[PDB]
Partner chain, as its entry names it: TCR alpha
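Have a look below at one chain only, the form deposited without the partner chain, in structure tokens format.
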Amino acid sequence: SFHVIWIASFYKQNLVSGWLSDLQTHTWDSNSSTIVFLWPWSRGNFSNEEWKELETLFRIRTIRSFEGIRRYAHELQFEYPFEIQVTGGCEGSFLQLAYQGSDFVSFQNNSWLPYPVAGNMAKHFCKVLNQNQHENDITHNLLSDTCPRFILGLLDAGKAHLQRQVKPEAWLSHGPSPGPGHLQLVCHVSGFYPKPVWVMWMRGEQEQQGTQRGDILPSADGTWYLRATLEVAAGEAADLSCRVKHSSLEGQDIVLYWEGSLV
């Protein structure tokens, strides 16, 4: 899936960026008002001249959208400060808008529809958003025609980067908040790509089901990080190991052992 997000904060700050899921591929420069390509392959198979076309509606619609929101704020009952977020793309296509961090309106086929729970405010917003049917037809074609064609070229162009395999490294430490009489064993796993990973504390071949995996967290170099912790009684921390499995290791698990100066 590819999508574009828009973050607009009113008190007048504006951010537009494009994404392959977690991976940022495009940014919008306000000062130049240009589309910045974050990777060589971010251009996909879109000709250099076809890229200035896309920039045009991005030109006009980004600042017509930003401008449009503030004149209507009164009748729409938007009260300062507030934030609008938009996400749109394809996988199937979608375009959704939030007001103050909650679902507000969305684009379905050919028109903007209000979320029922969002109330009459969202209804009044849709009226404005739907006042020109042609502008809605352009939105439709961007999502069901332009976005699907783009994402194919993007994935092909980036295939090398996207299917690369980067091996994890791991290490053990003491965790900060064990209960009385207990230890917290921490197994850190870092530098892996792509995201799916397996990590467990073990006693020999027995997985320790007390193993608590944290969130998978990003690194600036585009790889991932994870902490897995185990609470154990201090008497029972012998013979424990942390075992890491990842696509990139081709069956050769990383295995680290709780001991040495750790005990």
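Superpose the two forms; the largest set of C-alphas matching within 1.5 Å is the rigid core. Positions refer to the first chain, counted from 1. Shifts are known only where both forms have a C-alpha.
Heads up, the form solved in complex with the partner chain isn't pictured, but that's what we're talking about next.
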| Residue contact check: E53 to the partner chain in the bound PDB entry, 4.5 Å heavy atom | yes
**Prompt:** Taking the shortest heavy atom distance, is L142 within 4.5 Å of the partner chain in the bound PDB entry?
**Reply:** yes
Check: Is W41 a contact residue for the partner chain in the bound PDB entry, using a 4.5 Å heavy atom cut-off?
Finding: no
Exercise. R149 near the partner chain in the bound PDB entry, any heavy atom under 4.5 Å?
Worked result: yes
task = Decide yes or no: are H182, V255 and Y257 jointly within 4.5 Å of the partner chain in the bound PDB entry, with each residue judged by its heavy atoms?
result = no
If we test each of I138, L113, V128, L155 for a heavy atom within 4.5 Å of the partner chain in the bound PDB entry, the one that passes is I138
Q) Would the C-alpha of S219 be classed as shifted by 2 Å or more between this form and the one not shown after rigid-core alignment? A) yes
message = Following rigid core alignment, is the displacement of the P168 C-alpha between this form and the one not shown equal to or greater than 2 angstroms?
response = yes
In terms of 2 Å or greater CA shifts after rigid core superposition, the runs of three or more consecutive residues between this form and the one not shown are 78 to 80, 165 to 259
